[PDB]
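Visitor:
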Ligand SMILES: [Zn+2]
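Numbering (the entry's author numbering), first residue to last: 1 to 48.
(1) Measuring CB to CB, does residue 28 end up less than 8 Å from residue 7?
(2) Would the beta-carbon of residue 27 be found less than 7 Å away from any heavy atom of ligand 1?
(3) Quick check on DSSP: helix, strand or coil for residue 34?
(4) Ligand 1 heavy atoms versus the CB of residue 20: any closer than 7 Å?
(5) Which residue from 40, 35 and 47 puts its Cα closest to that of residue 20?
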């Protein structure tokens, strides 16, 4: 039950999309641009 949401539902999601290009989710200023998902990977080691 939102008051008047124009865009997409969420709390402290952000206005700009995730820094990454191949990412549908949105990004955040706290995650240095990246989104919740990426933000995690950023720290964790990636392979392939
Ligand atoms: Zn992302």
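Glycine included, each C-beta is placed from N, C-alpha and C at the ideal position.
Guide: On the basis of the data shown:
(1) Within the chain shown, numbered from 1, the residue matching residue 28 stands at position 28. Within the chain shown, numbered from 1, the residue matching residue 7 stands at position 7. Cβ atoms of residue 28 and residue 7: not closer than 8 Å.
(2) Residue numbering aside, residue 27 sits at position 27 when the chain shown is read from its first letter. Under cutoff, so the answer is yes.
(3) The sequence position of residue 34 within the chain shown is 34, counting from 1. Residue 34 falls in the coil class under three-state DSSP.
(4) The sequence position of residue 20 within the chain shown is 20, counting from 1. Under cutoff, so the answer is yes.
(5) On the chain shown, position 20 is the one that residue 20 refers to. Out of 40, 35 and 47, 35 has the C-alpha closest to the C-alpha of residue 20.
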